[PDB]
Every structure is written in structure tokens, then in C-alpha cells.
Amino acid sequence: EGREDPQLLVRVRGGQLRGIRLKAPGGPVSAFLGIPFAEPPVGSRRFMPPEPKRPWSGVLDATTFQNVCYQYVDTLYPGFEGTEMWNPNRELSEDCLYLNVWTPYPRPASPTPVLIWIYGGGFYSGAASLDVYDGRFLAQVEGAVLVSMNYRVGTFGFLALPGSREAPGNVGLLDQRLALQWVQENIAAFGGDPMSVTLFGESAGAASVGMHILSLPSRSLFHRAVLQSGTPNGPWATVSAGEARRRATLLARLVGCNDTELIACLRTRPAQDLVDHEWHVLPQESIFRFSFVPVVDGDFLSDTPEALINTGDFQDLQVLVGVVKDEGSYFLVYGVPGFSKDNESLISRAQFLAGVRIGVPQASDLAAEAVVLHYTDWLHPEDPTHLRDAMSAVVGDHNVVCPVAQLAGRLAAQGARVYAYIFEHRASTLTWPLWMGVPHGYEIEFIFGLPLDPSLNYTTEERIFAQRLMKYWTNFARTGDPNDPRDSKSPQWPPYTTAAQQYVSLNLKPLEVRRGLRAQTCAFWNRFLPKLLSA
Amino acid sequence: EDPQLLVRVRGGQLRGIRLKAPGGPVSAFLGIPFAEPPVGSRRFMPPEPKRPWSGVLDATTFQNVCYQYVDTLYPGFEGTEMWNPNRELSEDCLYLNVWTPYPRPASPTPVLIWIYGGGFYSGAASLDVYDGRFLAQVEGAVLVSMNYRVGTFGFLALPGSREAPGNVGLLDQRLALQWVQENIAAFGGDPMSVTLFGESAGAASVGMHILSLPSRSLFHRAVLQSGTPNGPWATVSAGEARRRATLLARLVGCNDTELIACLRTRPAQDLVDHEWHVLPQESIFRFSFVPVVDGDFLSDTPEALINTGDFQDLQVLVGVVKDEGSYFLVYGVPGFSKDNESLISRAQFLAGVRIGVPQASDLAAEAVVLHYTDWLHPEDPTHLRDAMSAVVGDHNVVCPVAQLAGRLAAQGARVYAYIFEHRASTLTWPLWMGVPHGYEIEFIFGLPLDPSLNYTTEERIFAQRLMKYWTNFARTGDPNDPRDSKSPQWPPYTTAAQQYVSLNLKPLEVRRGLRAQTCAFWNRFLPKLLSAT
Ligand SMILES: O/N=C/c1cccc[n+]1CCCCCCC[n+]1ccccc1/C=N/O
Ligand SMILES: O/N=C/c1cccc[n+]1CCCCCCC[n+]1ccccc1/C=N/O
Ligand SMILES: *[C@@H]1O[C@H](CO)[C@@H](O)[C@H](O)[C@H]1NC(C)=O
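So the sequence lines, in the order shown, correspond to chains A and B. If you count by the entry's author numbering, then the first sequence holds residues 1 to 257, 265 to 542, one letter each, in order. If you count by the entry's author numbering, then the second sequence holds residues 4 to 257, 265 to 543, one letter each, in order.
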């Protein structure tokens with residue numbers, strides 16, 4: 001300190017941080033990257049709730065992204081942008097409990113609404129340091145304070161021997177909560193308003209966000225929530241205590257390991280070993296199932312997310328939820344026979360029926376037939392293009408769209424201001440094939456305003472659209488309302504209500520209000536399927 | 004005496020009556036006996052062929068209507084009464100009516116044999132909507148309709164018994180068919196071109212004939228309007244017929267022989283008095299005495315027969331009306347009435363589904379409910395009402411038809427399907443029932459050509475089109491006009507394309523998929539849901 005840039009020095013509760021002046025298209029932003037918010041969850045601290053980071057001495061360099069939490073690294077399509085863009089971009093380490101803060105540069109005069117991003121990655125992957133989560137644009141363009149944190153994923157985050165001390169489960173959520181606690185404490189040092197914290201997150205991040213909505217100790221830590229393509233309810237975002245126990249003990253078996268003995272043994276297992284084996288504990292051949300996810304421990308989650316959304320009072324909550332046009336497509340290439348990124352993935356009826364089983368792994372034969380019969384276009388039951396798309400839809404609807412519809416409804420029904428969107432714009436830069444439509448996760452780069460970066464080769468329409476979305480997200484963070492309070496000429500985004508079930512199309516075209524989030528089909532999944540499973 | 008009105012049939016001479024149809028005379032021979040009156044000991048028995056008679060049998064007026072329940076829900080309401088018996092009720096009713104052109108056809112003219120509906124509990128070939136003169140006059144069709152026994156008299160089965168083997172109303176029909184085969188030539192009818200057509204229970208009956216081998220030699224083409232031998236109401240199992248017959252018999256104070271013998275001692279109205287009361291559940295579109303799967307007339311269930319049948323040289327015209335289900339709702343589904351708009355509650359809808367799909371488990375019913383709810387307007391009465399209509403119409407007609415169509419198409423039949431979407435301007439039922447069950451018949455029969463009936467000009471032209479389809483179909487097995495070029499063409503229904511046409515005032519529109527998604531629910535899913543309780 002002396003010749004350092006004065007705007008980049010900030011003190012948080014744990015000590016002094018030197019951030020970095022990042023170049024955003026419209027000008028500088030302040031980034032404090034790699035701020036530790038927890039004690040490294042290593043050694044005996046593996047599977048343990050995060051312990052808050054102990055203060056450090058001197059100026060913690062916060063100029064680079066810290067380690068990515070240990071995770072399975074997708075090698076399905078090696079060096080393909082569409083996969084690699086989601087892969088860890090820093091070293092894998094269990095010492096990964098860091099968070100990142102972008103703020104305008106200079107730091108906002110007045111306390112600025114804070115956006116906390118919680119990445120997705122199925123609870124087994126992700127990193128706040130991914131290019132698509134770059135907060136610089138929101139910071140620069142929207143003046144937003146954007147916080148993203150690493151949280152433990154995979155076994156490290158979610159292995160649970162529920163009821164135990166040494167592996168209570170949901171610790172990755174606890175990381176997240178800790179990072180939320182951090183923002184509450186420290187964000188004002190960046191000119192973030194701790195009294196205006198909006199969680200947003202996509203997929204597992206969305207699920208994690210929803211789980212903070214649903215978990216009391218989290219509720220005082222944020223004020224608004226965006227759930228993108230993910231919900232805490234649904235068939236993948238959680239597992240029962242029983243099932244978590246089952247998976248944790250199985251994983252233990254797989255790697256060579265009463266609860267203490269078993270965790271202690273897992274704790275001696277090298278990180279990579281856990282990762283190499285985590286996939287191998289899933290109960291069925293499945294897609295959109297992840298081995299180590301939030302567990303309904305009766306603690307973080309006092310009950311199933313279903314029970315909590317169906318009964319919780321969400322009076323004081325503004326939630327923005329939504330989906331991409333093709334939530335299922337992405338998943339199909341990871342295990343549904345017949346699907347590939349490299350061809351049209353036109354499938355047979357057989358491959359559809361088979362895919363339905365994999366995509367709805369919990370489905371009894373009856374349920375699977377129901378699904379199939381529902382998604383078959385009986386006018387062309389054999390049309391492979393339809394079958395391919397129905398397969399996408401099955402997976403998408405079941406895991407995201409219908410969980411989301413359910414969430415939007417349950418929330419709306421119980422006091423939330425809910426805004427619902429479907430995001431229908433295929434990035435011009437998508438490397439996933441056309442058939443995959445707008446896959447799960449490809450709205451993120453737009454919410455984050457990556458298209459503002461002219462080096463990134465988006466169309467100017469996409470630049471404008473990204474700007475629109477950032478406006479929505481940040482208006483929402485600011486006010487609880489995505490609508491521009493000044494730009495009345497623009498079409499309006501009405502809240503989603505149980506009566507009207509209004510949601511907007513997010514595309515290049517101006518906002519189109521649509522009714523009923525895939526209402527017929529979601530009645531199938533949210534109302535009928537349960538009953539079919541339960542008999 | 005008018006020589007054109009004198010016909011020697013097998014059993015003797017008949018005097019018909021020259022009737023006036025708007026375009027000129029038709030010879031009508033009404034009330035021709037084709038069976039021994041199925042009276043006394045012959046109650047519940049297969050019809051025996053009518054003994055020859057001396058002299059000239061007066062066939063100038065309709066004979067009695069088979070003994071049947073008379074609908075009295077809306078007394079003196081054109082909408083209900085038009086289906087009520089218009090001749091004396093009698094067990095002695097086994098008579099058929101032939102309309103022919105006047106003068107009678109120079110050459111063997113295709114025959115249309117109409118088999119009325121009435122849920123197998125009612126009907127009469129003598130109803131005004133079955134007036135064959137128009138088809139006779141305009142299309143030069145020889146049209147035949149028979150009374151067949153309904154209700155207990157036609158379908159009270161004690162399966163495996165000698166004295167009530169069941170399906171006798173269908174045998175009555177078969178006998179009328181045989182009669183046509185043996186006699187229609189005398190009227191100018193071509194026994195080598197006999198098209199059965201029927202609507203609803205009639206259509207199911209026609210279906211039965213398709214599905215029953217002895218019947219197969221008595222017709223070449225079939226038209227099933229709003230009814231099918233398959234589906235939830237057209238048939239009962241043997242065990243169920245037995246249970247209902249023995250229930251009825253219990254209800255009227257009655265070993266098969268003795269049970270039937272006692273039933274035979276019972277005034278007709280005593281049987282009809284208790285007819286309704288033997289249905290297993292609070293039903294609509296379910297009838298107590300229907301064709302039974304006896305392993306005889308029906309060697310298996312219609313399902314099995316349509317699934318496995320050979321229909322290579324069969325032509326079948328099948329269709330439905332826009333609102334197959336509305337009509338039935340007024341008859342037991344709470345919240346529904348012809349007088350108010352029948353805007354029902356959700357509760358009333360759930361309750362109506364248990365009544366509309368009486369065979370449904372809770373889960374099955376929930377599945378129906380979840381399927382037919384507009385989740386966008388879930389509590390909307392207009393929607394719930396219309397969905398109720400739809401539930402009933404689809405379960406009972408549309409999806410059975412779609413399935414019949416598909417199984418026949420697949421099994422090598424030539425199939426033309428339609429949906430009839432034009433509401434008679436003269437319909438007395440409320441608008442919300444749209445195009446109810448049976449209100450195409452008047453058009454097919456050409457009643458709008460009767461300018462006294464006050465149909466619109468458009469409807470006269472339309473009835474003309476429909477008579478052309480039906481008789482063209484009768485003539486050729488193809489409802490398309492081999493004279494007309496672009497009309498456009500009514501394509502065969504096939505399992506692949508599932509093409510059917512809208513019969514309405516607009517020209518034919520070819521559509522694909524007869525409620526395909528919904529019928530998959532009904533025909534493919536719902537059964538699995540019962541096949542697992
Ligand atoms: O062979 N599987 C190995 C394994 C091991 C341990 C955990 C998970 N797996 C599979 C991954 C499945 C889901 C693949 C999803 C990859 N993905 C990454 C970023 C953004 C989206 C997606 C998928 N969207 O469908
Ligand atoms: O109240 N019912 C007493 C009863 C008694 C003994 C046998 C049957 N029932 C039910 C008859 C109702 C259904 C009336 C249907 C009227 N209908 C007549 C001709 C053609 C079509 C229809 C109705 N279509 O919905
Ligand atoms: C995008 O296009 C530019 C300019 O034509 C080119 O130099 C570059 O290789 C491309 N890079 C990306 C990020 O797509």
C-alpha cells in the first residue's frame with residue numbers, strides 16, 4: 001500500500017483485500033476475486049459445515065479467481081467449447097471456499113443492490129470463476145454489486161450421513177449460506193447494500209437459491225431470489241436422508257470405507280478418489296440425477312422442498328423464476344442412447360421409451376408409459392424428430408419446467424411476487440447443435456451480459472437483448488420488479504399468479520406475455536405423476 | 004291398386020304406400036314382418052323367421068315400436084320426444100321398413116339398412132329422423148330399417164341358457180339383414196350391395212355385425228355413426244349380463267329356465283320398470299341390456315375381435331358428431347340441464363367424471379380429470395362443462411370410434427371417418443350441447459330436403475351432400491362423388507395419416523387425428539391404469 005490503486009483496497013471482516021481493476025466494455029469495474037469466506041474445508045473439515053474464514057494478516061490478494069471446488073470434470077466432448085465452458089477454470093482443490101465481488105469502479109457512492117450468483121452444475125460441479133459468471137458487466141453496466149461464491153459440490157459439498165456430526169449434509173449449501181453471511185457483513189465495504197441482496201442461480205444454483213428461500217437461517221441473508229432453470233423441489237434437487245445415507249455409505253464402500268469411522272475413512276480418501284466414484288452411486292441409469300445433492304436433513308431443509316413450498320408463507324418474497332426453451336436437450340447427450348452433439352439425434356420409438364426410463368429414472372413402468380403416452384405425438388408416434396424433441400421435453404419438463412411451474416405456483420399461491428419467464432433465445436454463438444434449441448444454462452451469458460463484450464462475437468441484437476436482461480435481473484434485484492420503472496413504453500412483465508399464470512418470453516423480440524407455464528403437461532408431472540407413483 | 008306398390012316377398016304379398024318426398028314419389032313398404040312376434044315364450048328368444056301369410060299384407064304404416072323405456076325427462080320437448088316411440092309399444096315389433104324409388108329401381112339398387120340407436124334400450128325404425136323417403140327419392144336408394152328388440156327384450160341374456168341366450172336384438176337385426184338378402188331384390192334392392200348404417204347403439208350394432216361372422220354375408224359395407232361395438236357401453240361380459248339379468252329377475256320377483271320362464275310371465279312394462287335399476291354404478295352412457303359377449307354372436311369381446319379381425323374387403327364409414335358427450339350429461343350428471351347453460355363447478359366436474367366414466371378407479375378418474383382440466387382455466391365453468399361433455403363423448407364414442415377406425419384400417423378395412431360439426435338450425439337442445447349425439451341423422455336421412463321442416467337452404471344443400479356421401483359410400487364403398495372432381499376428396503382413414511373429414515356446411519376439410527392425443531389417453535393409457543387398478 002502506497003503505489004496501489006486506492007479503489008482496489010477494501011477491508012472486510014477477515015482483513016484487507018486488494019482487488020483488481022477489470023476492463024469491461026463500458027469501462028473499469030472493481031473485482032475482488034478469491035476472497036476466502038471460509039476456513040478451507042480440508043482434512044478433518046471435509047464434509048463439515050464451513051467454519052467462517054479466520055482473519056488474515058496483511059493484504060489478501062483478491063485479483064485472481066481462487067480454486068474451484070473439487071469436482072468431476074466433464075470430458076464427454078474434449079475441448080468442445082459447449083462443455084469446456086462449464087469446466088473448472090482454476091485448480092481443483094477442496095480449499096475452494098472463496099467468493100468474488102464485482103462492483104462499479106470506482107465503488108458505488110451509495111449502497112448498491114447486491115446480486116449473489118450461485119452457480120449450477122448439478123451440485124457436483126461449477127465454479128463462480130467461469131467465464132459465463134463474469135460479474136464485470138452487471139457491475140459496469142448495471143452498477144450492480146455482484147457476488148459469487150464457490151461452494152463445495154459433489155461429495156465434498158453434499159455427502160451426508162444424515163444425523164451425524166461429521167457429515168451432516170448440505171454443507172455446500174452451508175458454504176453458500178456462509179458466503180451470504182459474508183455479504184451481509186462485508187458487502188457494504190464494497191458499497192453493496194446488505195439490505196438488498198438478491199440471490200440468483202441457475203440449475204443447481206437456482207435449486208440452491210430456492211433452498212435458501214426454504215431454509216430459515218438463510219432467509220435473513222437475502223431479500224429476493226432469482227431461480228433460473230432450477231428449483232429446490234423437483235426430482236433431482238434433493239434426496240431423502242435415507243437415500244443420502246444410502247449414497248454416502250455406498251460411495252464409502254466404493255472407495256474402501265458407525266458414522267464417524269466411515270467419514271473418517273472418507274476423509275482419508277483423496278479428493279479425486281471421491282470424485283472418480285461419486286457418479287457410481289446413482290440408484291438408476293439416469294440423466295439429470297446427481298449423486299450428492301442437498302439432503303432433506305430436517306435441519307437445513309426442515310422438510311421436503313415440496314412440503315416447504317406447498318405450506319411455507321412467502322409473503323415477503325419476490326422471486327423471479329424461469330426456464331430456457333429447451334431444458335432437456337443438454338441432458339440427453341449425457342447418457343440417453345441415440346443422442347449426440349454431433350448429429351441430429353433423431354431417435355426411434357424404442358430409444359424414446361428407453362430414454363424416458365433414463366430420464367425419469369424413478370418412474371415405474373406405468374409412470375413411464377404415462378410419460379411416453381403423454382409425450383407421443385399420436386399423429387406421428389414414430390417420427391424421430393418429434394421423438395427426439397419429446398425426449399428433450401420429457402427431461403426438461405420433468406426436471407425443470409414443471410418443478411419451476413410448481414414452484415412459481417406454490418410461491419404465488421402463498422404470497423410471493425413471482426415473475427416467470429421462458430428464455431427462448433439461442434445464443435448465436437452456441438456450439439451445441441441446433442437441435443438442442445436453447446439448452447439449460449445458455450441464458451446465463453445473457454443475464455451476465457457477456458454479449459456486451461465485443462470480442463465475444465455476439466450479434467448487436469444479442470448485445471441489446473443482454474442489456475435488456477441485465478436490466479430485468481437488476482431491476483428485480485433493486486426493486487423486486489424486473490420491469491423498468493422508467494421505460495413504461497416497453498412491454499410489461501406481469502407477475503406470475505396462480506390465476507393468470509403469466510410469464511414472459513425472453514427473446515430478441517420485445518417481451519411477450521404468455522399464460523400458463525406448460526400448464527397441461529405440468530399438471531401431468533406435478534399432479535398426476537405423483538399419484539401414479541403412489542399406487 | 005298401384006302395381007308399383009305390390010311386392011311379392013318370400014313370405015307373401017305386401018302392399019306398400021306411395022309416399023311423397025319433395026322431389027317426387029317413393030314407394031314405402033312399412034311394417035313388414037320379418038320375424039314371428041317375439042312374444043310369450045319367444046320373449047328373449049332368437050327371432051324365428053316370419054311365417055308366410057295369405058293375401059296382401061298391408062305394409063303402408065309403421066308397425067309397433069319394440070317395447071322400451073320411454074324417455075320422459077323433458078315431457079313434450081321436441082329434443083327428447085323426437086326419439087320417443089312414435090308408434091304403439093309392443094313386444095310384437097319385429098318389422099322392417101323398405102323405402103324404394105317410385106317407380107321401383109330398373110336395376111339392382113344399393114341397399115342401405117339403417118339400424119337405429121337408443122342405447123339398446125330404445126329406438127324404432129319409425130322415427131321421423133329415420134324417414135327413408137329422401138334417400139329413397141333423391142339418391143334412388145332402397146332403404147331398409149328394422150325394428151329390433153331393445154332393453155330386456157333384446158338383450159336380457161342368461162349366457163349359455165337356451166331360453167335367453169342374449170343378443171337377440173342383434174339377431175333380430177341379423178334376421179332383418181337375411182330378410183333383405185332374401186327379399187330386397189323384389190323391391191329393386193341389390194342384395195349384393197348392402198350397406199348397414201346405424202348411429203350410436205345402431206352403430207355399435209352395425210359394428211357387431213361386422214364382428215359377427217353369420218352377419219358378414221348379409222352386408223358389404225358399414226357405417227357406424229357415433230357408436231362402435233368396442234368401447235365401454237356397447238357390450239357387457241357374459242358374467243355381467245348374467246348378473247344384470249338375474250338382478251332384473253330378482254327386481255321383478257323371479265336355474266335359468268325357471269328364472270327366464272318367470273321373466274316371460276312379466277308384463278313388458280314390469281321389465282322396463284326395472285331395466286335402469288340393474289346398472290352397477292351411477293352412470294350415464296351406460297345401458298342395462300346390451301349385446302353380451304356370448305362367445306357366439308360375438309366370439310370374443312369387440313376389443314379382441316377388432317384387434318384380430320380380418321377386414322380386407324370391408325368398407326367402413328365411421329364418424330362422430332362434434333359434441334358426442336353433451337346429450338348424455340342432462341341425464342344424470344348433476345349440474346347439467348337443457349335449460350340453463352350448465353356451467354358446472356369443479357366439484358361437479360369431478361363428480362361428473364365418476365358418473366361419466368363409471369368404470370373408473372379414483373386414479374383413473376383423477377387421470378381423466380387431470381387430462382380434461384384446462385389447467386389454465388381450471389375452475390372455469392364453460393371449460394369444465396365442455397370438458398365434461400368431452401370426457402363423456404370421447405370415452406364413449408370418439409375414442410372407441412378412433413380405435414375402431416384404427417383397428418379396421420390396420421386390419422385391412424377401407425375406412426372413411428368424419429366428424430360431423432354442423433348443429434341443426436332447428437335443434438331444440440341448448441347451444442352448449444353443440445352438435446349432440448344423433449343430430450346428424452336427420453341430415454344423412456335428408457330431412458332438410460323437406461322444406462316444411464324449416465332447415466336453412468345451406469342445410470338442404472348439406473343434407474344433399476351427406477346423402478351423397480352415404481349413398482356413394484353405399485354404392486361403391488367410397489363416399490366420394492366419382493362424378494365430382496375437386497370437392498375436395500374425402501381420404502380414407504388410415505392408421506398412418508388418420509385422415510378424416512369435417513362434415514359441416516363448409517366444404518369437406520381433411521383433418522388428421524381423431525382426438526389423437528386424448529384417445530391415446532383413453533385407448534392406450536386408461537386401460538393400463540385399470541390393468542393395474
Ligand atoms: O459419466 N458421468 C460422469 C459423472 C461423474 C460425476 C458426476 C456426474 N457425471 C456425469 C455428468 C452428468 C450431467 C452432465 C451435465 C454437464 N453440464 C455441464 C454444464 C452445464 C450443463 C451441463 C448439462 N446440461 O444438461
Ligand atoms: O332416467 N332413465 C331411465 C332409464 C330407464 C330404463 C333404461 C334407461 N334409462 C335411462 C335413459 C336415459 C338416456 C336417454 C338418452 C336419450 N336419447 C335418445 C335417443 C338418442 C340419443 C339419446 C341421448 N343421447 O345422449
Ligand atoms: C470472433 O471473430 C473475430 C473477428 O472476426 C475473430 O478474430 C475471432 O477469432 C473470433 N473469436 C471468438 C471469441 O469467437
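A virtual CB, placed ideally from N, CA and C, is assigned to each residue, including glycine.
Per-residue DSSP class, three states only, for A/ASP61: strand
Residue span of the alpha helix (DSSP H) that contains B/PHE158, given as start and end: 154–158
In DSSP terms, what A/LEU327 is bridged to: A/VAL226 and A/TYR426
Cβ distance (whole Å) where residue 258 of chain A is taken to contact A/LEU99 below 8 Å: Placed between 257 and 265 in the numbering, residue 258 of chain A has no coordinates, as chain A goes from one to the other without interruption by modelled residues.
B/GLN508, DSSP secondary structure in three states: If DSSP states are grouped into helix, strand and coil, B/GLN508 belongs with coil.
Proximity test, B/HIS447 beta-carbon vs ligand 5 heavy atom, cut-off 6 Å: Summarising the ligand content, the structure contains ligand 1, ligand 2 and ligand 3 and does not contain ligand 5.
Interface partners of B/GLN527 on chain A, CB under 7 Å: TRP385
Inter-stretch contact (C-beta, 8 Å, three-pair minimum) for the segment 473–483 of chain B and the segment 452–461 of chain B: yes
With 16 other Cβ atoms within 10 Å as the buried cut-off, status of A/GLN325: By the neighbour-count definition (other C-beta atoms within 10 Å, threshold 16), A/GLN325 is a buried residue.
Unbroken beta strand (DSSP E) run spanning A/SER30, endpoints: 27–36
B/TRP480: first and last residue of the uninterrupted alpha helix (DSSP H) it sits in: Run containing B/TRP480: 467–486, per the alpha helix (DSSP H) assignment.
Chain-ordered chain A contacts of B/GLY523 [CB-CB under 7 Å]: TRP385 and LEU386
Residues near A/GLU94 by beta carbon distance below 8 Å, same chain, minus five either side: Cβ neighbours of A/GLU94 beyond the five flanking positions: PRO40, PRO41, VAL42, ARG46, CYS69, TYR70, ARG152, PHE156 and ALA278.
Own chain residues within Cβ distance below 8 Å of B/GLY27, not counting five before or after: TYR105 and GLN140
Ligand 2 heavy atom lying under 6 Å from the CB of B/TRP442: no
CA-to-CA distance, B/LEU173 to B/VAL183, given in whole angstroms: 15 Å
Continuous beta strand (DSSP E) assignments of at least 3 residues falling wholly in the segment 105–177 of chain A: 112–118 and 145–149
A/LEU360 at chain B interface by Cβ criterion, 7 Å: no
Validate contact between the segment 384–396 of chain A and the segment 515–526 of chain B using beta carbons, cut 8 Å, 3 pairs: When Cβ pairs closer than 8 Å are counted between the two stretches, the segment 384–396 of chain A is seen to touch the segment 515–526 of chain B, the count reaching three or more.
Cβ-heavy atom distance, A/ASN464 to ligand 3, below 6 Å: It does: the Cβ of A/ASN464 is within 6 Å (strictly closer) of some heavy atom of ligand 3.
is_contact[A/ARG534, chain B] using C-beta, thresh 7 Å: So yes, A/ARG534 belongs to the interface.
Straight-line Cα distance separating B/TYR337 from A/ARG356: 39 Å
Inter-residue Cα distance where the pair is A/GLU313 and A/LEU536: 14 Å
Residue-level contact to chain A via CB, B/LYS538, 7 Å cutoff: yes
Any non-hydrogen atom of ligand 2 within 6 Å of B/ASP74 CB: Correct: B/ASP74 has its Cβ closer than 6 Å to ligand 2.
Residue span of the beta strand (DSSP E) that contains A/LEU459, given as start and end: Where A/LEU459 is concerned, there is no enclosing beta strand (DSSP E), given that its DSSP letter is neither H nor E.
Neighbour flag for B/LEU414 against chain A, beta carbons, 7 Å: no
7 Å Cβ shell around B/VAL425 - same chain, five flanking residues per side excluded: Exclusion of the five residues before and after B/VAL425 leaves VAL326, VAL328, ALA415, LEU418, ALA419, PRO502 and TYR503 as the residues of its chain whose Cβ lies within less than 7 Å of its Cβ.
Short Cβ contact (7 Å threshold) for A/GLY335 with A/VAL411: For A/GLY335 and A/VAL411, no; Cβs fall outside 7 Å.
Near ligand 2: B/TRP86 beta-carbon under 6 Å from a heavy atom: yes
Exposed unless 16 or more other CB atoms sit within 10 angstroms - verdict on B/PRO6: Residue environment for B/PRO6: exposed (fewer than 16 other C-beta atoms within 10 angstroms of its C-beta).
CA-to-CA distance, B/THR438 to B/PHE80, given in whole angstroms: 8 Å
Distance between beta carbons of B/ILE35 and B/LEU8, contact taken as under 8 Å: Not a contact, Cβ separation roughly 13 Å.
A/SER229 and A/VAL330 closer than 7 Å at C-beta: yes
Inter-residue spacing [alpha-carbon to alpha-carbon] between A/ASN533 and B/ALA427: 36 Å
Among B/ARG485, B/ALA506, B/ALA507 and B/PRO517, the one whose alpha carbon lies nearest that of B/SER497: Residue B/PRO517 is the option with its Cα nearest to B/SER497.
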